[PDB]
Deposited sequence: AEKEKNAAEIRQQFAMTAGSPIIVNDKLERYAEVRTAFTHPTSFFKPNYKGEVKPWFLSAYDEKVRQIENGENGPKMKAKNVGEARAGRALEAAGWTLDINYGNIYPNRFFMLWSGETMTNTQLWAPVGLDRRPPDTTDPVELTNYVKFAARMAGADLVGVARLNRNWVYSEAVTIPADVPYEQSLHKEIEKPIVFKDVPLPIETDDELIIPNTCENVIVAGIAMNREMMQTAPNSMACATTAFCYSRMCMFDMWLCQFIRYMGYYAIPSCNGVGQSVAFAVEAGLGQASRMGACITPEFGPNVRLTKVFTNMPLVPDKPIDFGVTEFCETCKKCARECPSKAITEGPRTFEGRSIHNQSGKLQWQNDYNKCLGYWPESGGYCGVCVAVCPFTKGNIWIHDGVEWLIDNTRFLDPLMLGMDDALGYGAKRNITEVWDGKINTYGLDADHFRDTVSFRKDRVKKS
């Protein structure tokens, strides 16, 4: 009974993230995916390329050699091909591995130009003032909508601006997709007294009225993630990124048609793990992920920012911090030794970490370096974590819609009493 467990472990109100007076908002360019010190990696031939192009070279090499992963023979070349075809297809509704550019492509900050909004314009739902301002009813409505939109977990928190990127990585508005990767730029995210989210030439402007963040958990497939670092773990990762994108769009449209505004984000705008912890989805862990009672860390996160009045959820403590202090299994299994075996500190290990918050400090350039080597997105830490509990057998074995598991799907049933 997940509803039992979650109420049993509810904390009193208040962000559980411990900060000091040195904490500053973090520039998105500093992540290992984007920072110039980490973006380039060698491929297996010794050629230095953007990390994902070197990883592509390893995927091709593996298919040619009939492998599903590094030193992991597939049943045959056909099976190797199928795993990479499934992975590539999963990313269909995602731009450049994460949808990070705000107010571009799928991540529009206004619904006005969307084909769906245009078709529905005669009804005027996005221009009519709200008919409901009660946060209790709105919380029930928007959480119901979030489940329809594909969230397996949903939570609400007040927006902590500490976790919003100081500056986003984006592209100029008129740059076509084919030039996007070569024309990424940095752009400040600022808060101002304005009626609606708006982007100028100089700034991404979030209204000061943007009170709340809605955080969704999108469950990955257990059998597929257990093949990490091989291709089927890459495929469940990929499919869930497209599920994230559809969730954001559906939910933003619902909120707009209720008379409020909504900012989608997927992997952009801010740090999902921090939002997820403050919204009570789970607890932060040694590997750096939000660990949930239902899925452990084997769940993806996305979030939507809104002025819709809502009731914040309570943070939860089910003992993850104390379990991680003695466990260290992810740190021992990590192929790049990226994950620390030491205690939590306020001091980042490198430019990629945000200093000023008490956390396990991991070396995320070491992690990214393993991705071209293995030809994937690893995930071994997620796979081995106790809270999460060959490839031919996966393809021949159990599956169900969206990779969900009917042995556990009852755990995410929801009634009004657990929504608000």
*No C-alpha coordinates anywhere in a stretch? Then put that deposited-sequence range on the list, in order along the chain.*
1-5, 395-430, 462-464
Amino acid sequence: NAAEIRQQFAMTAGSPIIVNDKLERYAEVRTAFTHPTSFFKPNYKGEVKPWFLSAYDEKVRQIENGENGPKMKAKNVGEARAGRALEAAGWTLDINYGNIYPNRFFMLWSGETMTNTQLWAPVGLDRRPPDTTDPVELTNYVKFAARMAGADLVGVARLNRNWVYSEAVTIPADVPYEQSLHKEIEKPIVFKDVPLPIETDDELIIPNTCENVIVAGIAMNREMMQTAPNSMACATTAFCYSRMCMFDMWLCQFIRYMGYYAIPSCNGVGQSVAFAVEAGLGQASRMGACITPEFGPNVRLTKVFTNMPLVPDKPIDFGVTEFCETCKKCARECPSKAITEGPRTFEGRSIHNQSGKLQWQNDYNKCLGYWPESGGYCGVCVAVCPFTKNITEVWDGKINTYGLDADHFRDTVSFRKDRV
From here on, numbers count along this sequence of modelled residues.
*Comparing 323-331 with 224-232, which stretch shows the greater average C-alpha B-factor in the deposited entry?*
323-331
*Averaging C-alpha B-factors over each stretch, which comes out higher, 21-29 or 396-404?*
21-29
*Identity of residue with top Cα B-factor, from 155, 268, 195, 297*: 195
_Highest-ranked of 340, 103, 113, 237 once sorted by CA temperature factor in the record_ = 340
*asked:* Splitting the chain's C-alpha B-factors into thirds, which one does residue 202 fall into?
replied: highest
*Grab the CA temperature factor for residue 178 from the record and place it in the lowest, middle or highest third of its chain.*
highest
_Among the modelled residues of this chain, does the Cα B factor of residue 57 put it in the lowest, middle or highest third?_
lowest
*What third of the chain, by the recorded C-alpha B-factor, contains residue 191?*
highest
*Going by the recorded CA B-factors, say which third of the chain residue 141 sits in, lowest, middle or highest.*
lowest
